[PDB]
Amino acid sequence: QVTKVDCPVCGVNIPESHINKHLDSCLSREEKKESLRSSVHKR
Amino acid sequence: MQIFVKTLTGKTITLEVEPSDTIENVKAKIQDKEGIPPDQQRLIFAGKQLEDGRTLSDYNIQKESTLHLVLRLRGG
Ligand SMILES: [Zn+2]
């Protein structure tokens with residue numbers, strides 16, 4: 001079955017199957033813009 | 001508090017949950033209403049996902065809010 005759904009993060013036309021991967025990327029950007037923090041200096 | 005959830009398909013479901021209730025708890029509530037496994041359901045608010053180990057109050061969610069529901073078939 002072929003279907004499409006908009007992204008609630010960025011609003012982009014993407015299939016319901018490729019949306020899962022897209023969410024993984026779309027969300028990654030959100031973590032990029034935000035400041036980076038590390039509990040331990042080593043890691 | 002009474003909140004609303006809107007799926008990508010356009011369907012609308014009104015769900016009653018408390019701020020003290022965890023996200024993982026919310027999914028189970030949905031299971032009964034939508035009949036869909038909690039694992040196969042992911043919620044997004046303001047563009048970011050909701051951590052199962054977090055609570056609604058922790059996300060600054062007030063009374064009557066619209067959440068986004070997405071379905072994750074399989075990761076292959
Ligand atoms: Zn997106």
# chains A, B, ... in the order shown; residues from 1 in each chain; ligands from 1
>>> interface_residues(of="chain B", to="chain A", cutoff="7 Å", atoms="only C-alpha atoms", output="list in words")
residues 8, 46, 47, 48 and 72 of chain B
>>> residues_around(residues="residue 22 in chain B", least_positions_apart="5", cutoff="8 Å", atoms="only C-alpha atoms", output="list in words")
residues 52, 53, 54, 55 and 56 of chain B
>>> write_last_selection(atoms="N, CA, C and O atoms", output="PDB file, in the first residue's frame")
ATOM      1  N   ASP B  52       9.751   7.423  27.054  1.00  0.00           N
ATOM      2  CA  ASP B  52       8.900   6.543  27.855  1.00  0.00           C
ATOM      3  C   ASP B  52       9.183   6.702  29.351  1.00  0.00           C
ATOM      4  O   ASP B  52       8.268   6.604  30.172  1.00  0.00           O
ATOM      5  N   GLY B  53      10.452   6.934  29.695  1.00  0.00           N
ATOM      6  CA  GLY B  53      10.859   7.093  31.096  1.00  0.00           C
ATOM      7  C   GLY B  53      10.593   8.506  31.634  1.00  0.00           C
ATOM      8  O   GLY B  53      11.062   8.851  32.723  1.00  0.00           O
ATOM      9  N   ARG B  54       9.837   9.313  30.881  1.00  0.00           N
ATOM     10  CA  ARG B  54       9.513  10.678  31.302  1.00  0.00           C
ATOM     11  C   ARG B  54       8.013  10.835  31.508  1.00  0.00           C
ATOM     12  O   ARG B  54       7.227  10.011  31.035  1.00  0.00           O
ATOM     13  N   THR B  55       7.632  11.898  32.222  1.00  0.00           N
ATOM     14  CA  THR B  55       6.222  12.168  32.500  1.00  0.00           C
ATOM     15  C   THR B  55       5.724  13.361  31.693  1.00  0.00           C
ATOM     16  O   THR B  55       6.516  14.151  31.174  1.00  0.00           O
ATOM     17  N   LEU B  56       4.402  13.459  31.581  1.00  0.00           N
ATOM     18  CA  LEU B  56       3.766  14.531  30.820  1.00  0.00           C
ATOM     19  C   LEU B  56       4.095  15.897  31.421  1.00  0.00           C
ATOM     20  O   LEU B  56       4.338  16.856  30.685  1.00  0.00           O
TER      21      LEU B  56
END
>>> atom_distance(atom1="CA of residue 45 in chain B", atom2="CA of residue 33 in chain B")
20.0 Å
>>> closest_residue(among="B:20, B:49, B:30, B:64", to="ligand 1", atoms="only C-alpha atoms and all ligand atoms")
B:49
>>> residues_around(residues="residue 71 in chain B", least_positions_apart="6", cutoff="7 Å", atoms="only C-alpha atoms", output="CSV table (one decimal) with C-alpha atoms, in the first residue's frame")
chain,number,residue,atom,x,y,z
B,40,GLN,CA,4.6,0.2,17.4
B,41,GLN,CA,3.3,3.7,18.6
B,42,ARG,CA,5.5,6.7,18.9
>>> residues_around(residues="residue 57 in chain B", least_positions_apart="3", cutoff="6 Å", atoms="only C-alpha atoms", output="number ranges by chain")
B: 19, 60-61
>>> select_by_dssp(residues="chain B", states="helix (DSSP H, G or I)", output="list in words")
residues 23, 24, 25, 26, 27, 28, 29, 30, 31, 32, 33, 34, 57, 58 and 59 of chain B
>>> closest_residue(among="B:44, B:32, B:13, B:37", to="ligand 1", atoms="only C-alpha atoms and all ligand atoms")
B:44
>>> residues_around(residues="residue 4 in chain B", least_positions_apart="6", cutoff="6 Å", atoms="only C-alpha atoms", output="PyMOL selection string")
chain B and resi 13-15+65-66
